[PDB]
């Protein structure tokens, strides 16, 4: 177990190689996970004047934090929800990246807005160029979206020991959007009907929705039902409860989304996945306050 932090990039990549092989994961998956953790630590330093998070992590990065690399889909985006205007978010991140964290620094590209149907303030996308001790390390796509209903009223705090395993001991603690709101948002996305030039490709959300249902265990579903109502009404598109339809090109997209998850108990076909998620929708709608 390394007693000092990596003295340079080459030492860091070499150490990541060894832990990846020891853990039986793909090197590039572990390296991308570490880049995401670093970006998340920068985001965790962003706080209002009472000390509460300004940014909550969501999406595939959140699921990898909750379940670990072996039990989560491979994803690349670092999706977040902000409680402040994004022009404030970008500058605060750029400040945090210059100061750095445990030898990591980052520079952020300019934010570009994205068109959306159902939120008045459009999300933003930019990239983080990471370096470790002066030398470029990795790039992370970043998406920042605005709060919806109560989806930033609370947060879970997740961790990862990946950097500790390579000799960087500082504690990792990442504020994340809670599961009820992740479910609401993925249920809306996976059932959305997009206009004629576009087509919904989000079969992978059917995998994540199965994973999120498992994470809720025997919890009461009332908070999830409430979150689902709030998001579907907030967006004012298709109504709650939706129909979990599959599109003709989804069979192979869903199969792609299962890559590396053979050891889990998941629906193995897109039809069975849609059936599972439809049962979850009905069970959510049933919950009685």
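Positions refer to the first chain, counted from 1.
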As stated in the PDB record, which stretch has the larger average Cα B-factor, 142 to 150 or 201 to 209? 142 to 150
Can you tell me which stretch has the higher mean Cα B-factor, 162 to 170 or 183 to 191? 162 to 170
Please pick out which of 270, 276, 16, 266 has the largest Cα B-factor as recorded in the entry. 16
Modelled-residue ranking by C-alpha temperature factor, third containing residue 94: highest
Test of reading the entry: by CA B factor among the chain's modelled residues, which third contains residue 87? highest
Chain thirds of CA B-factor: placement of residue 178: lowest
Ordered by C-alpha B-factor within the chain, which third holds residue 72? Give me lowest, middle or highest, please. lowest
Lowest, middle or highest third - CA B-factor, residue 108: highest
